[PDB]
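Contents: one structure, followed by commentary.
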Amino acid sequence: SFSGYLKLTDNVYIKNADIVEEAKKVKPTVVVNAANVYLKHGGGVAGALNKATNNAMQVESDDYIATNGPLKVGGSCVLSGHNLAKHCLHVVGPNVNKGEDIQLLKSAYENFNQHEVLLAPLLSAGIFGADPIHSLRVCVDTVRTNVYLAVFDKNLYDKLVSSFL
Ligand SMILES: Cc1nc(C#N)c(N)o1
């Protein structure tokens, strides 16, 4: 199962890891993708997860969008986890660089409560432009299920752990 995680709360764990390598190792039931409403997995966590699936995640996602239309900011959909997980929960956190409402971050984390255990990144962090310290706070105050957070950046991981209240 999940190894080397630091326990933050009753249900939130954190590790300095590449979520792709973590998913390939653990093969979790659910890996969370830091998705956008169009499921265009170009960069950040989404680009990395999609590249690990040899673009199969993008092909599946394009068919999903053709059928259903775009997701809402704060929403999610469950698709295949391909070679990374049983399922991928594509969750859209607000993108601060596109001027989206940061208050939607709690709605985005609420999607995690539909899954007993997840491997996930910090929503709206990285190229989505939100403060990762704030994202971790919203995560711990919103998610009640077991969430294993993978933080790619070592310096950010250290800052997150050392400043955790
Ligand atoms: C290549 C890569 N970039 C990230 C991020 N963020 C990741 N998980 O893997």
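Each chain in the structure tokens gets a letter, A, B, ..., in the order shown, and its residues are numbered from 1; ligands are numbered from 1 in order too.
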### Task
Do a neighbour search on residue 155 (chain A) at 12 Å with only C-alpha atoms, toss out local chain neighbours closer than 6 positions, and write the hits as JSON, numbers by chain.
{"A": [15, 16, 17, 132, 161, 162]}
Please save N, CA and C atoms of the selected residues as a PDB file, in the first residue's frame.
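out25.pdb, written as the output of this step:
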```pdb
ATOM      1  N   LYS A  15       3.363  13.232   1.168  1.00  0.00           N
ATOM      2  CA  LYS A  15       4.681  12.712   0.794  1.00  0.00           C
ATOM      3  C   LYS A  15       5.250  13.551  -0.333  1.00  0.00           C
ATOM      4  N   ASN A  16       6.573  13.709  -0.344  1.00  0.00           N
ATOM      5  CA  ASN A  16       7.240  14.412  -1.436  1.00  0.00           C
ATOM      6  C   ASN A  16       7.438  13.341  -2.494  1.00  0.00           C
ATOM      7  N   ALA A  17       6.603  13.364  -3.539  1.00  0.00           N
ATOM      8  CA  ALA A  17       6.669  12.327  -4.553  1.00  0.00           C
ATOM      9  C   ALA A  17       6.056  12.824  -5.851  1.00  0.00           C
ATOM     10  N   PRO A 132      -0.454  26.887  -2.269  1.00  0.00           N
ATOM     11  CA  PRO A 132      -0.558  25.483  -1.831  1.00  0.00           C
ATOM     12  C   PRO A 132      -0.807  25.309  -0.326  1.00  0.00           C
ATOM     13  N   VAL A 161       4.809  20.985   5.286  1.00  0.00           N
ATOM     14  CA  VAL A 161       4.869  20.256   6.554  1.00  0.00           C
ATOM     15  C   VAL A 161       5.239  21.194   7.716  1.00  0.00           C
ATOM     16  N   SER A 162       6.291  22.007   7.523  1.00  0.00           N
ATOM     17  CA  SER A 162       6.776  22.906   8.570  1.00  0.00           C
ATOM     18  C   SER A 162       5.797  23.994   8.955  1.00  0.00           C
TER      19      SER A 162
END
```
### Message
I'd like the neighbourhood of residue 48 (chain A) as a VMD selection string, where a residue qualifies if any of its atoms comes within 12 Å (using only C-alpha atoms), though same-chain residues fewer than 4 positions away should be ignored.
### Response
chain A and resid 18 to 21 23 33 to 35 40 to 44 52 to 55 57 to 58 84 121 152
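Distance check against ligand 1 using only C-alpha atoms and all ligand atoms: of A:12, A:78, A:37, A:156, the minimum falls on A:156.
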### Query
Where in region 102-141 of chain A does DSSP assign helix (DSSP H, G or I), given as an NGL selection string?
:A and (104-114 or 126-128 or 132-141)
Those same residues, written as an mmCIF file, in the first residue's frame with N, CA, C and O atoms?
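The resulting out_19.cif:
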```cif
data_model
loop_
_atom_site.group_PDB
_atom_site.id
_atom_site.type_symbol
_atom_site.label_atom_id
_atom_site.label_comp_id
_atom_site.auth_asym_id
_atom_site.auth_seq_id
_atom_site.Cartn_x
_atom_site.Cartn_y
_atom_site.Cartn_z
ATOM 1 N N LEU A 104 -14.227 28.204 -4.880
ATOM 2 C CA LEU A 104 -14.614 26.916 -5.463
ATOM 3 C C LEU A 104 -13.666 25.771 -5.088
ATOM 4 O O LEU A 104 -13.964 24.619 -5.382
ATOM 5 N N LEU A 105 -12.544 26.071 -4.393
ATOM 6 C CA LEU A 105 -11.608 25.035 -4.019
ATOM 7 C C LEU A 105 -12.249 24.068 -3.028
ATOM 8 O O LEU A 105 -12.020 22.866 -3.139
ATOM 9 N N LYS A 106 -13.091 24.566 -2.089
ATOM 10 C CA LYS A 106 -13.746 23.650 -1.156
ATOM 11 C C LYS A 106 -14.697 22.712 -1.907
ATOM 12 O O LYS A 106 -14.646 21.509 -1.687
ATOM 13 N N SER A 107 -15.479 23.259 -2.874
ATOM 14 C CA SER A 107 -16.360 22.413 -3.693
ATOM 15 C C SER A 107 -15.577 21.343 -4.451
ATOM 16 O O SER A 107 -15.993 20.195 -4.537
ATOM 17 N N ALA A 108 -14.395 21.727 -4.961
ATOM 18 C CA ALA A 108 -13.546 20.788 -5.674
ATOM 19 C C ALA A 108 -13.096 19.639 -4.747
ATOM 20 O O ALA A 108 -13.186 18.459 -5.101
ATOM 21 N N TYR A 109 -12.641 19.979 -3.515
ATOM 22 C CA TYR A 109 -12.226 18.936 -2.568
ATOM 23 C C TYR A 109 -13.382 18.044 -2.119
ATOM 24 O O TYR A 109 -13.170 16.875 -1.817
ATOM 25 N N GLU A 110 -14.618 18.578 -2.110
ATOM 26 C CA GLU A 110 -15.771 17.754 -1.711
ATOM 27 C C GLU A 110 -15.951 16.524 -2.582
ATOM 28 O O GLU A 110 -16.420 15.493 -2.110
ATOM 29 N N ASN A 111 -15.479 16.590 -3.850
ATOM 30 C CA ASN A 111 -15.554 15.415 -4.717
ATOM 31 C C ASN A 111 -14.794 14.220 -4.142
ATOM 32 O O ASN A 111 -15.155 13.075 -4.389
ATOM 33 N N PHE A 112 -13.708 14.490 -3.365
ATOM 34 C CA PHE A 112 -12.905 13.403 -2.801
ATOM 35 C C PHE A 112 -13.715 12.543 -1.808
ATOM 36 O O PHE A 112 -13.387 11.383 -1.587
ATOM 37 N N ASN A 113 -14.741 13.146 -1.175
ATOM 38 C CA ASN A 113 -15.545 12.432 -0.181
ATOM 39 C C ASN A 113 -16.390 11.308 -0.737
ATOM 40 O O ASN A 113 -16.894 10.500 0.024
ATOM 41 N N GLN A 114 -16.484 11.207 -2.072
ATOM 42 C CA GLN A 114 -17.207 10.099 -2.687
ATOM 43 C C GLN A 114 -16.329 8.849 -2.848
ATOM 44 O O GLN A 114 -16.790 7.850 -3.385
ATOM 45 N N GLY A 126 0.427 24.569 -7.965
ATOM 46 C CA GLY A 126 1.234 24.521 -9.172
ATOM 47 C C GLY A 126 0.767 25.529 -10.189
ATOM 48 O O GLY A 126 0.478 26.678 -9.842
ATOM 49 N N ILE A 127 0.644 25.074 -11.456
ATOM 50 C CA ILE A 127 0.271 25.979 -12.535
ATOM 51 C C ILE A 127 -1.151 26.521 -12.423
ATOM 52 O O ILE A 127 -1.506 27.427 -13.174
ATOM 53 N N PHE A 128 -1.981 25.995 -11.476
ATOM 54 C CA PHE A 128 -3.304 26.567 -11.254
ATOM 55 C C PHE A 128 -3.244 27.860 -10.423
ATOM 56 O O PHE A 128 -4.257 28.535 -10.289
ATOM 57 N N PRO A 132 -0.454 26.887 -2.269
ATOM 58 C CA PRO A 132 -0.558 25.483 -1.831
ATOM 59 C C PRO A 132 -0.807 25.309 -0.326
ATOM 60 O O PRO A 132 -1.418 24.328 0.078
ATOM 61 N N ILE A 133 -0.343 26.267 0.505
ATOM 62 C CA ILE A 133 -0.613 26.195 1.948
ATOM 63 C C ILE A 133 -2.132 26.306 2.193
ATOM 64 O O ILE A 133 -2.687 25.564 2.998
ATOM 65 N N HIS A 134 -2.789 27.204 1.458
ATOM 66 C CA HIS A 134 -4.233 27.358 1.535
ATOM 67 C C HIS A 134 -4.910 26.076 1.012
ATOM 68 O O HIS A 134 -5.832 25.571 1.648
ATOM 69 N N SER A 135 -4.419 25.517 -0.109
ATOM 70 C CA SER A 135 -5.009 24.283 -0.643
ATOM 71 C C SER A 135 -4.953 23.125 0.357
ATOM 72 O O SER A 135 -5.936 22.398 0.520
ATOM 73 N N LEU A 136 -3.822 22.983 1.063
ATOM 74 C CA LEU A 136 -3.692 21.922 2.058
ATOM 75 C C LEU A 136 -4.664 22.133 3.217
ATOM 76 O O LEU A 136 -5.272 21.177 3.694
ATOM 77 N N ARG A 137 -4.856 23.385 3.613
ATOM 78 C CA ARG A 137 -5.766 23.752 4.694
ATOM 79 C C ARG A 137 -7.202 23.374 4.290
ATOM 80 O O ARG A 137 -7.914 22.702 5.034
ATOM 81 N N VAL A 138 -7.600 23.758 3.067
ATOM 82 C CA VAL A 138 -8.943 23.425 2.574
ATOM 83 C C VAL A 138 -9.101 21.908 2.467
ATOM 84 O O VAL A 138 -10.124 21.355 2.864
ATOM 85 N N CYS A 139 -8.070 21.210 1.993
ATOM 86 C CA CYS A 139 -8.096 19.759 1.930
ATOM 87 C C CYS A 139 -8.385 19.128 3.318
ATOM 88 O O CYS A 139 -9.316 18.329 3.469
ATOM 89 N N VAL A 140 -7.592 19.511 4.327
ATOM 90 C CA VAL A 140 -7.766 18.921 5.656
ATOM 91 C C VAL A 140 -9.115 19.285 6.273
ATOM 92 O O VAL A 140 -9.700 18.456 6.971
ATOM 93 N N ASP A 141 -9.628 20.478 5.981
ATOM 94 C CA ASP A 141 -10.921 20.917 6.525
ATOM 95 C C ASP A 141 -12.133 20.474 5.693
ATOM 96 O O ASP A 141 -13.262 20.766 6.086
#
```
#### Entry: All strand (DSSP E or B) residues (DSSP, backbone) inside chain A, as an NGL selection string
:A and (6-7 or 12-16 or 30-34 or 76-80 or 87-91 or 117-120 or 146-151)
Next, dump the selected residues to file, keeping only N, CA and C atoms, as an mmCIF file, in the first residue's frame.
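See part_3.cif below for the written result:
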```
data_model
loop_
_atom_site.group_PDB
_atom_site.id
_atom_site.type_symbol
_atom_site.label_atom_id
_atom_site.label_comp_id
_atom_site.auth_asym_id
_atom_site.auth_seq_id
_atom_site.Cartn_x
_atom_site.Cartn_y
_atom_site.Cartn_z
ATOM 1 N N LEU A 6 3.816 11.105 5.632
ATOM 2 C CA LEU A 6 3.738 11.777 6.916
ATOM 3 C C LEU A 6 2.245 11.972 7.216
ATOM 4 N N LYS A 7 1.815 11.609 8.430
ATOM 5 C CA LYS A 7 0.424 11.754 8.818
ATOM 6 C C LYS A 7 0.176 13.180 9.263
ATOM 7 N N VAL A 12 -5.618 12.594 6.543
ATOM 8 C CA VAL A 12 -4.793 13.225 5.502
ATOM 9 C C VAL A 12 -3.328 12.895 5.721
ATOM 10 N N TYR A 13 -2.677 12.379 4.674
ATOM 11 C CA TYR A 13 -1.264 11.977 4.649
ATOM 12 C C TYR A 13 -0.552 12.712 3.520
ATOM 13 N N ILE A 14 0.761 12.926 3.645
ATOM 14 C CA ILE A 14 1.485 13.705 2.634
ATOM 15 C C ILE A 14 2.866 13.143 2.398
ATOM 16 N N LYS A 15 3.363 13.232 1.168
ATOM 17 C CA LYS A 15 4.681 12.712 0.794
ATOM 18 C C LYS A 15 5.250 13.551 -0.333
ATOM 19 N N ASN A 16 6.573 13.709 -0.344
ATOM 20 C CA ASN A 16 7.240 14.412 -1.436
ATOM 21 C C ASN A 16 7.438 13.341 -2.494
ATOM 22 N N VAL A 30 -8.076 4.895 -6.753
ATOM 23 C CA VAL A 30 -8.346 6.199 -7.334
ATOM 24 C C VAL A 30 -7.115 7.082 -7.314
ATOM 25 N N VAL A 31 -6.760 7.611 -8.476
ATOM 26 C CA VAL A 31 -5.775 8.656 -8.573
ATOM 27 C C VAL A 31 -6.547 9.910 -8.992
ATOM 28 N N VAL A 32 -6.318 11.040 -8.319
ATOM 29 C CA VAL A 32 -6.946 12.292 -8.675
ATOM 30 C C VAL A 32 -6.102 13.034 -9.692
ATOM 31 N N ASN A 33 -6.746 13.530 -10.743
ATOM 32 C CA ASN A 33 -6.082 14.393 -11.690
ATOM 33 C C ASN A 33 -6.489 15.836 -11.438
ATOM 34 N N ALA A 34 -5.529 16.755 -11.537
ATOM 35 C CA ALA A 34 -5.750 18.196 -11.469
ATOM 36 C C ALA A 34 -6.195 18.630 -12.878
ATOM 37 N N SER A 76 -16.228 17.214 -10.998
ATOM 38 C CA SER A 76 -15.376 16.091 -11.290
ATOM 39 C C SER A 76 -16.088 15.074 -12.152
ATOM 40 N N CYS A 77 -15.310 14.147 -12.686
ATOM 41 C CA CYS A 77 -15.872 12.972 -13.310
ATOM 42 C C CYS A 77 -14.918 11.808 -13.050
ATOM 43 N N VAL A 78 -15.456 10.600 -13.033
ATOM 44 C CA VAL A 78 -14.673 9.401 -12.850
ATOM 45 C C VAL A 78 -14.450 8.753 -14.197
ATOM 46 N N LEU A 79 -13.207 8.580 -14.566
ATOM 47 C CA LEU A 79 -12.859 7.899 -15.796
ATOM 48 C C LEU A 79 -11.868 6.764 -15.445
ATOM 49 N N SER A 80 -11.337 6.086 -16.453
ATOM 50 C CA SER A 80 -10.397 5.009 -16.214
ATOM 51 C C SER A 80 -9.103 5.555 -15.639
ATOM 52 N N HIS A 87 -9.291 3.795 -11.231
ATOM 53 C CA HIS A 87 -10.022 4.955 -11.713
ATOM 54 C C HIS A 87 -9.203 6.203 -11.595
ATOM 55 N N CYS A 88 -9.509 7.178 -12.441
ATOM 56 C CA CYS A 88 -8.981 8.509 -12.292
ATOM 57 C C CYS A 88 -10.156 9.408 -12.001
ATOM 58 N N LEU A 89 -10.081 10.127 -10.885
ATOM 59 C CA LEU A 89 -11.079 11.128 -10.553
ATOM 60 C C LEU A 89 -10.541 12.465 -11.041
ATOM 61 N N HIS A 90 -11.101 12.974 -12.135
ATOM 62 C CA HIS A 90 -10.664 14.248 -12.697
ATOM 63 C C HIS A 90 -11.392 15.332 -11.959
ATOM 64 N N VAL A 91 -10.672 16.121 -11.170
ATOM 65 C CA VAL A 91 -11.278 17.158 -10.369
ATOM 66 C C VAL A 91 -10.810 18.513 -10.841
ATOM 67 N N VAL A 117 -10.624 6.036 -0.389
ATOM 68 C CA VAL A 117 -9.206 6.324 -0.362
ATOM 69 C C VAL A 117 -8.752 6.854 -1.717
ATOM 70 N N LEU A 118 -7.890 7.871 -1.692
ATOM 71 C CA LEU A 118 -7.407 8.465 -2.943
ATOM 72 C C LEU A 118 -5.951 8.830 -2.833
ATOM 73 N N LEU A 119 -5.250 8.740 -3.963
ATOM 74 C CA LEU A 119 -3.916 9.300 -4.163
ATOM 75 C C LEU A 119 -4.201 10.627 -4.897
ATOM 76 N N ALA A 120 -3.715 11.773 -4.393
ATOM 77 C CA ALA A 120 -4.087 13.048 -4.983
ATOM 78 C C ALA A 120 -3.028 14.088 -4.944
ATOM 79 N N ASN A 146 -9.860 9.002 3.232
ATOM 80 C CA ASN A 146 -8.407 8.903 3.356
ATOM 81 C C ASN A 146 -7.697 9.405 2.110
ATOM 82 N N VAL A 147 -6.996 10.529 2.248
ATOM 83 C CA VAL A 147 -6.313 11.149 1.113
ATOM 84 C C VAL A 147 -4.802 11.179 1.314
ATOM 85 N N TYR A 148 -4.073 10.619 0.340
ATOM 86 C CA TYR A 148 -2.631 10.535 0.313
ATOM 87 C C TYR A 148 -2.174 11.550 -0.699
ATOM 88 N N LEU A 149 -1.641 12.652 -0.212
ATOM 89 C CA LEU A 149 -1.206 13.747 -1.044
ATOM 90 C C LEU A 149 0.215 13.568 -1.487
ATOM 91 N N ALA A 150 0.445 13.697 -2.800
ATOM 92 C CA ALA A 150 1.781 13.641 -3.384
ATOM 93 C C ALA A 150 2.167 15.067 -3.806
ATOM 94 N N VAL A 151 3.258 15.615 -3.233
ATOM 95 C CA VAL A 151 3.703 16.958 -3.545
ATOM 96 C C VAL A 151 5.004 16.791 -4.292
#
```
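Using only C-alpha atoms and all ligand atoms, the smallest distance between any of A:51, A:72, A:25, A:115 and ligand 1 comes from A:51.
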#### Entry: Separation of CA of residue 122 (chain A) from CA of residue 142 (chain A) in Å
12.6 Å
### Query
Interatomic distance between atom 5 (C, counted along the ligand's line) of ligand 1 and CA of residue 45 (chain A)?
4.4 Å
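Closest approach to ligand 1 among A:98, A:144, A:154, A:159: A:154, based on only C-alpha atoms and all ligand atoms.
Taking CA of residue 95 (chain A) and CA of residue 29 (chain A) as the two end points, the separation is 26.3 Å.
You can rank A:1, A:165, A:50, A:62 by their closest distance to ligand 1 using only C-alpha atoms and all ligand atoms, and at the top of that list sits A:50.
Ranking A:145, A:102, A:157, A:56 by their shortest atom-to-atom distance to residue 5 (chain A), with only C-alpha atoms included, puts A:157 first.
Nearest to ligand 1 of all the residues A:153, A:10, A:116, A:63 is A:153, counting only C-alpha atoms and all ligand atoms.
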